[PDB]
Amino acid sequence: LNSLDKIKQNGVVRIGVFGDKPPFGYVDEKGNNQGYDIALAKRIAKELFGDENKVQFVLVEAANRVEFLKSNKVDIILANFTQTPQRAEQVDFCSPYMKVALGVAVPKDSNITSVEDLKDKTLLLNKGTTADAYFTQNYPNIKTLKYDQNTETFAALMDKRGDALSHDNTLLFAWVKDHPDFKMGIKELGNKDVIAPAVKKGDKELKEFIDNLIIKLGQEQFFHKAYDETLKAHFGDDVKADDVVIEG
């Protein structure tokens, strides 16, 4: 069986998501999976099974997304996952559904406005994210403290364990909005990237299923609506939906 017919025969779709990167994927105070990524996940289950609750949400951290696909723990990764050429050697990406770049958040009283300013600073990172790869490769001598989970990484910022935190700038906008003792030192770093779902390398039938669905959802402004339901309230009036959302 190709992987799409397998998933159809299973009756559920296993989708890897963040449990702790709001507002994109997280578990709310009631223990329910929520966020922009989760909206697509439930729409994918709806298309497969006529029932948006025939997703099994598998929590996964940034370092283990690819391995969860290689090892068959999940059918799809929707853990707010950035497309890179390097990851594309390893998993097959589906059509993108948001735009992304990197940023650096810093304490209110920080004078760090550039990577030069991080020279003799400790920089906090979630292990396995694109921010991790970016500094590790391009600025290997910048001291870092790397954590497995997002909760841990931001907790170490709030505990003054480092001078700055780098991550997706979209994430860091929402977080600095809920945590006003901190600000954006650098609003936008690196390449103008995209988030997309990923399937196991060679799952062509599944990938095309999802790509086609993303085309059909883009015709009904599904991602803008999802942006309003799940993201708009967590950004300032500064951000356009069009700066974040990709339709189709």
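Quick notes on this structure:
- Selection of the range 79-89 for residues being touching an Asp or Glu at 6+ places or on another chain (Cβ under 9 Å) and surrounded by fewer than 17 Cβ atoms within 10 Å (Cβ to Cβ) yields only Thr84.
- Answer from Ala155, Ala174 - the residue that is part of a helix (DSSP H, G or I) and out of contact with any helix residue (DSSP H, G or I) (no Cβ under 9 Å at 6 or more places or on another chain): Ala155
One line per residue, one yes/no per condition, for (1) among the polar types (S, T, N, Q); (2) farther than 27 Å from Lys73 by Cα:
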site	(1), (2)
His179	no, yes
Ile195	no, no
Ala198	no, no
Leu206	no, no
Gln221	yes, yes
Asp228	no, yes
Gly236	no, yes
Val244	no, yes
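- Filtering the range 1-60 to residues that are among the acidic types (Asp, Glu) and in contact with a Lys or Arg (Cβ under 9 Å, 6 or more places away or on another chain) leaves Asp37, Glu47, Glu52.
- Residue list for the range 109-152, restricted to those being among the charged types (D, E, K, R), out of contact with any helix residue (DSSP H, G or I) (no Cβ under 6 Å at 6 or more places or on another chain) and more than 17 Å from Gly190 (Cα to Cα): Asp109, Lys119, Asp120, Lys121, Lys143, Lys146, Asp148, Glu152
- Flag for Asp109 being outside the structural domain of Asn72 (by CATH) and either surrounded by 17 or more Cβ atoms within 10 Å (Cβ to Cβ) or under 20 Å from the mean Cα position of the chain (by Cα) (or both): no
As a convention, Cβ positions derive from the backbone with ideal geometry for all residues, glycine included, and neighbour counts pool all protein chains shown. Basis: the model, the stated rules and, where named, an outside source; none is laboratory data.
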